[PDB]
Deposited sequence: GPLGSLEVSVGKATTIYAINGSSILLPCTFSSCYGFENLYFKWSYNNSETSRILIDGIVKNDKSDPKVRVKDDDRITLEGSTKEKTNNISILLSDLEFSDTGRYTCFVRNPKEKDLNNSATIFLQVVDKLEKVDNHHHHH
């Protein structure tokens, strides 16, 4: 089997007020334990946590524990931890980091540029 992909980092442009999906799927040929992940947000000034979560196993799916932005929604059918950020605002521009945990310490980065409707 093979897993060809674009990489861990991509840039994405989205219209203010719309919804945007920040993608992250992960793969292990190992098979695994409980598997921890989290979405953080960064800019020049500060950084906040968006959601954290767990996949009980490859046979189950990614489920969320912590949620600090009600606009975040995690849904996807490679297990996929992509999230859908709704009700976009201009201050949502920044870097969205998705970190994963069975050592393991792999992260995916999404640079999100919010633009106006013209």
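Numbering the deposited sequence from 1, one finds several regions with no C-alpha coordinates, namely 1-4, 82-85, 111-114, 131-140.
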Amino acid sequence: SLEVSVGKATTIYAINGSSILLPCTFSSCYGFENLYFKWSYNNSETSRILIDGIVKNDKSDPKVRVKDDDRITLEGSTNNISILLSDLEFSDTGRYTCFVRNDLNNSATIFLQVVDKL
From here on, numbers count along this sequence of modelled residues.
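Looking at mean Cα B-factors across 61-69 and 88-96, the upper value is held by 61-69. The PDB entry reports B-factors from which the mean C-alpha value can be compared for 79-87 and 30-38; the larger average falls on 30-38. The PDB entry gives the largest Cα B-factor of the residues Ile15, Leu104, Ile12, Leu21 to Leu104.
Annotation for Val4: CA B-factor lies in the middle third of the chain's modelled residues.
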